[PDB]
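What follows is a single structure, written as structure tokens, with notes after it.
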Amino acid sequence: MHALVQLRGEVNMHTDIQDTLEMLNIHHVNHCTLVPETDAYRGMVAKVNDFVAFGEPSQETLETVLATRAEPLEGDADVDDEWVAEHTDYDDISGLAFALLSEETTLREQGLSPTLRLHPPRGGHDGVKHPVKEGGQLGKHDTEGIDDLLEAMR
Amino acid sequence: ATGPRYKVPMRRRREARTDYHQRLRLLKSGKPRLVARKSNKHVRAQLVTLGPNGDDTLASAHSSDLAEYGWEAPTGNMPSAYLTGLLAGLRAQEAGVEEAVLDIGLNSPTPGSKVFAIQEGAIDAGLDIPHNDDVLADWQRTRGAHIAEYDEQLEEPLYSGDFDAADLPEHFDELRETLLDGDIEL
Amino acid sequence: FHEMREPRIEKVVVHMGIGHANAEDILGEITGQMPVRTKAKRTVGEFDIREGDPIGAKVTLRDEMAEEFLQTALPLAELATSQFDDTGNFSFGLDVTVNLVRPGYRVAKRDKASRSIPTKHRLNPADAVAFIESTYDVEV
Amino acid sequence: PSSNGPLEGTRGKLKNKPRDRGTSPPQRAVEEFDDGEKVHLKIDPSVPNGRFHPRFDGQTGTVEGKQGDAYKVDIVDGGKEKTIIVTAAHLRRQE
Amino acid sequence: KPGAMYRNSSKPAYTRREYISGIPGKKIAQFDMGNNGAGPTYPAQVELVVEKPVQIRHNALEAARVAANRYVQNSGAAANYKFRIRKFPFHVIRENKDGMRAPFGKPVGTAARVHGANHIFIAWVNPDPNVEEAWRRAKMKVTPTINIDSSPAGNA
RNA sequence: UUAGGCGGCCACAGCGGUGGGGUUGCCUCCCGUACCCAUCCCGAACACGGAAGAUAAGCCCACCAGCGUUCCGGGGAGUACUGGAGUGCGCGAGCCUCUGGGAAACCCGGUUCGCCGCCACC
RNA sequence: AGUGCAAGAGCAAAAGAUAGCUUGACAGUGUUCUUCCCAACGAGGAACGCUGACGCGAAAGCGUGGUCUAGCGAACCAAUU
RNA sequence: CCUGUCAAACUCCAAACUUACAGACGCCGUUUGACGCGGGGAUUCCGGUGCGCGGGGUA
Ligand SMILES: [Cl-]
Ligand SMILES: [Cl-]
Ligand SMILES: [Mg+2]
Ligand SMILES: [Mg+2]
Ligand SMILES: [Mg+2]
Ligand SMILES: [Mg+2]
Ligand SMILES: [Mg+2]
Ligand SMILES: [Mg+2]
Ligand SMILES: [Mg+2]
Ligand SMILES: [Mg+2]
Ligand SMILES: [Mg+2]
Ligand code: NA
Ligand code: NA
Ligand code: NA
Ligand code: NA
Ligand code: NA
Ligand code: NA
């Protein structure tokens, strides 16, 4: 399970690439979704590779982001432990997070919006003109690498 | 053989055994084929159908297993051929087969030929086959009369020991008569 | 092994390659059976432009008809060696060719399951000279 | 294209690899298909008759009845529904 | 006319003589020079390596070769060495010599397409590299920058 | 399948070569022209009738890789080329990095001297 | 190689050659594709059927002209069945 | 035998890639009716640029 974050806008990006992001529930810059590691999903993220940031986040980080930017399928409601417990199969955020990470369920299945609308990275990101191996912020990241981005956009 | 571009004929064309152009026209009918084949000493008659991995023979008759019914004469002649045809024709009927088309392989469509005799027999057995009566022998030759008369010009038995000296087209009737009722494997 | 390996005469072709005939008559008597026309291929300067056109005849003799012929033909020829085929044949003379081969030749001349004769079972120039020379005459 | 005949630009698709050259096996020219089956369309360079327009080489249609010995296969050209008259010689069962 | 007009390999390969007529003959006199009777049985083997894909008109090939071999007469008319220009001008070249209407040009020459790193010239010498000099003058008459490379020769 | 007939795939089956096999199930060569039939001339072939002989052909069986073919290992080669991305480089031609794919020739070593179906049959 | 003619393609117990026989280069009426990718548009063309009558073949079958893609023409008026 | 080179109208080979159909996941539709069908009304048929692949041309 990988965390996907659109870092580049729609203007000028191939249409078949944009549709893919839309099929993955991301319709705006900085929006983030969680995606299972499957053949079918793998191909998708590969096609989206140059306009996004992805990687496997740590239990903690997912928990921080879930708490800070998760939302009900509809409404303002804060997704906190209580919400999680009174609305999902799990008893608290950590429980949810773990399930997500082990790809046992999904944000929809638990009545949550498939998208974590993140905040701009505090301190800024490494650039959207180069990949990670080059000092940029595009492409696959380290678990420690994804965590920093996600945490900066917490 | 010579190079990567070389064209090697289909196996059955190499062996000079199957005429594919005739085969295709034959398969057009969508009916079973009445395979009429010969050997120096024998005559075979098969009813073949088309299959996923090759042809399927649903009924056959060999001039050898003719004796199995009382044949005591040579098996590479006209009377032999007809009977083998009738025998396979009957076994065919038993198998639920009602019609077929004559496949004579690489043999020639000569009038009064043994393959046509085979065809005549299969038809009489009850099999429905597209044919032409005046391309067939005149019954007597089918009976084996041409050979009996040939022995009339005796001086020396046409048959080395075998059976009879003046041969028997009658032995033919007795056999056809036999095949037309009861008996095992029919 | 032998008996089925020993040579034999298979057809003797006597043909008169004329260039446009009355010649058949003599071929008929010299051999004993009707001659066959010899059409030609290609249009050429020897006023021989006609494709289908009688330009000679031939006669293929088999069995006795061939021996009874060679029993006078050979005597009218001297030559031998070099003038022999690589398959054990030879032509002398009005032409008279003699095709020689061993017992299982039909395998290559029949319709069903035909097959080319194996080089080993072929007749060599030498094995040929022997057979014929051993029949009323001398080689070279 | 310099011309607009049906065989324009079909040099490749209607030519056999030197080894597949010559009369094709009869087994596939007699194959029987049932209405509803999915069949791949591909002209056999060696088989003259029963062909369809080269543009459809590659299509995968649905057998829906026949005409004579030839089959009637329904395909969809772009967004248009079309029916193609084709013999077994140029058809193959999908899967 | 300037090499500027034909030195790039941006056009499609145009070499089918069955569809092109009136192609000028090549100015290249020989491809095998020196002792062509002998085989490469020499201690040293130096090569002239082109450093960029380019098109080289038979014009330049002949001038470059002459300038090299004509100089290799620092060893003598029948000296002990063999010189080889391995490329041939296959690419036919046109010129549109009406304005841009019906502009497909008419054949005016031929050139050889050499890719960066190929060797256009190869000489064979005994420890007597005057050839190294024959090439400083050779790559002087061809468009690209070049690399003078020595192969069998650890006799430095 | 101690030899057969009809086939499917249509060279992994081709080309070439070695050895073995038949009073019989057999297939052949083979022997022979009164008949059906036949050669623009020949019972060569085709067709018909038949066993004196043979295992020499064919065919069946076992095997050989020199040539051709199929597939595989290792090397060539993650090279050539390439779908996506870049305020990376270069006067430019063009190149480079990240991402997803990925060859051909050739060399060396294996493989391949057919596989499979239906019927018939000491 | 040959297969009438460009080019490309097809074809070997043939689609080529020879021989013999025959007029299916037949009347009628369609299905489909093409012309016009997708995507509407005429004439024309082709593929594949059916009805009828025929040719050849033992027969399956083949023949809706020539192996395939060029060789074509609206309305009005005339002549013709 | 050895040795030096090529192909838009060459091919014993052969990608990336494009593409028909089917299943899966995704997304979408069943009060926002998708897919599709029928009808009304158009505008439009001077285009341009970047990038990739091009063909012509010294450019
Ligand atoms: Cl037979
Ligand atoms: Cl069509
Ligand atoms: Mg909301
Ligand atoms: Mg700030
Ligand atoms: Mg920045
Ligand atoms: Mg092409
Ligand atoms: Mg033996
Ligand atoms: Mg036609
Ligand atoms: Mg008018
Ligand atoms: Mg008129
Ligand atoms: Mg394309
Ligand atoms: Na074929
Ligand atoms: Na002008
Ligand atoms: Na230079
Ligand atoms: Na004549
Ligand atoms: Na034998
Ligand atoms: Na029309």
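Here Cβ is always computed from backbone atoms with ideal geometry, including for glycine, and neighbour counts include all displayed protein chains. Every number in this text was worked out from the coordinates using simple rules, so none of it is lab data.
With 0.36 nm allotted per residue and the present C-alpha distance subtracted, the E:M5-E:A29 stretch has 6.3 nm of extension available. Mean per-residue shielding of peptide E:7-18 is 0, counting Cβ atoms of other chains within 10 Å of each Cβ.
Of the residues E:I20, E:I148, the one with the fewest other Cβ atoms within 10 Å heads the list, and the complete ranking is E:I20, E:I148. For segment C:23-30, 3J(HN,Hα) computed residue by residue from phi via the Karplus equation (6.51, -1.76, 1.60; θ = phi - 60°) reads 5, 3, 2, 5, 5, x, 7, 5 Hz, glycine and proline entered as x. Packing order of peptides B:149-161, C:6-18, highest average first: C:6-18, B:149-161 (average count of other Cβ atoms within 10 Å over each peptide's residues). Placing a label point 7 Å from the Cα of E:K52 along the Cα-to-Cβ direction, the residues of segment E:94-118 with a backbone N closer than 18 Å are E:112-118.
Take each residue of peptide B:6-17, count the partner chain Cβ atoms within 10 Å of its Cβ, and average: the result is 3. A Förster radius of 51 Å, combined with the Cβ-Cβ distance separating D:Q67 from A:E82, puts the computed FRET efficiency at roughly 0.10. Between C:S134 and B:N107, take the C-beta separation as r, use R0 = 35 Å, and let me know the FRET efficiency to the nearest 0.05. My answer for the efficiency is 0.30. For chain D, the relative contact order works out to 29 percent when only alpha carbon pairs closer than 8 Å and six or more residues apart are counted. Just so you know, the Cα atoms of chain D work out to an Rg and Dmax of 13.5, 41 Å.
Helix A:59-69 axis versus longest C-alpha principal axis of chain A: approximately 80°, rounded to the nearest ten.
Think of it as helices only: each DSSP H run of n ≥ 4 in chain B is worth -39500 (n - 2.57), and spread over all residues that comes to -10000 deg cm²/dmol at 222 nm. Taking 13 Å as the cut-off, the amide N atoms of segment A:28-65 that come nearer than this to a point 7 Å along the Cα-to-beta-carbon line of A:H119 belong to A:65. A dipole drawn for chain C from +1 and -1 charges on Cβ atoms has a positive end, and of C:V44, C:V98, C:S114 the residue lying farthest that way is C:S114. Taking amide H as placed 1.01 Å from N in the peptide plane, E:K82 has its amide H under 5 Å from the amide H of E:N35, E:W124, each at least 5 places away in sequence or on another chain. Considering all C-alpha pairs of chain A, those separated by over 26 Å amount to 21%. Less than 5 angstrom separates the built amide H of B:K38 from those of B:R44, all sequence-distant by 5 or more or on a different chain.
According to a simple spin-label model (label point 7 Å from Cα along Cα-to-Cβ), what is the distance in nm between C:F1 and E:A13? About 6.0 nm separates the two model spin labels. If you bin all the Cα-Cα distances of chain B at 10 Å, starting from zero, the percentages per bin are 9, 34, 32, 16, 7, 2, 0.
Estimated from helical segments only, the mean residue ellipticity of chain E at 222 nm is -3500 deg cm²/dmol, where each DSSP H run of four or more residues counts as -39500 (n - 2.57). The magnitude of the dipole of chain B, with charges of +1 and -1 set on the Cβ of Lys/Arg and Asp/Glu and taken from the Cα centre, is near 2220 debye. For chain C, pairs of C-alpha atoms spaced more than 23 angstrom apart make up 45 percent of the total.
Between the listed residues A:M153, A:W83, A:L66, the Cα displaced farthest toward the positive end of the dipole of segment A:3-154, a dipole computed from Cβ unit charges relative to the Cα centre, is found at A:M153.
The distance between label points at E:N118 and A:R42 comes to 4.1 nm (points 7 Å beyond Cα on the Cα→Cβ vector).
Within segment E:7-127, the percentage of alpha carbon pairs spaced more than 25 angstrom apart rounds to 35%. Structural descriptor for chain B: relative contact order 20 percent, calculated from alpha carbon pairs under 8 angstrom and at least 6 residues apart.
Note on chain D: with a GNM built from Cα contacts shorter than 10 Å, the maximum mean-square fluctuation among D:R19, D:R11, D:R51 falls on D:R19. Dipole size of chain D about its Cα centre, with +1 on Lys/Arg Cβ and -1 on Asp/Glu Cβ: approximately 620 debye, rounded to the nearest 20. By the beta-carbon count within 10 Å of each Cβ, the least crowded to most crowded order of B:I184, D:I84, fewest first, is B:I184, D:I84. Taking the charge dipole of the protein assembly as shown about its Cα centre, with +1 at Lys and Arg Cβ atoms and -1 at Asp and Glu Cβ atoms, the residue from B:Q46, E:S150, C:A80 reaching farthest to the positive side is E:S150.
Estimated from the Cβ-Cβ distance and a Förster radius of 22 angstrom, the FRET efficiency linking C:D48 and C:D86 is about 0.15. Enter the Cα centre distance for the pair segment D:19-95 and segment E:98-156, rounded to the nearest angstrom. Taking the Cα centre of each part, segment D:19-95 and segment E:98-156 sit 56 Å apart. Dipole magnitude for the protein assembly as shown: computed about the Cα centre from +1 point charges on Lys and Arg Cβ and -1 point charges on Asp and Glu Cβ, it is near 7020 debye. For segment A:67-127, the set of trypsin sites (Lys or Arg not before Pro) satisfying both a DSSP loop assignment and a count of at most 13 other C-beta atoms within 10 Å is given as A:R108, A:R122. Computed from label points 7 Å out along Cα-Cβ, the spacing between D:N49 and B:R25 is 1.1 nm. Going by neighbour counts of Cβ atoms within 10 Å, the residues B:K31, A:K133 line up, fewest first, as A:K133, B:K31. Using a ≥ b ≥ c from the Cα gyration tensor of the protein assembly as shown (square roots of the eigenvalues), is it rounded, prolate or oblate, where a/c under 1.5 gives rounded and otherwise the larger of a/b and b/c decides, a/b for prolate? It comes out oblate by the Cα gyration axes. Per residue, chain A reaches -10500 deg cm²/dmol at 222 nm when only DSSP H runs of four or more residues are counted, each adding -39500 (n - 2.57).
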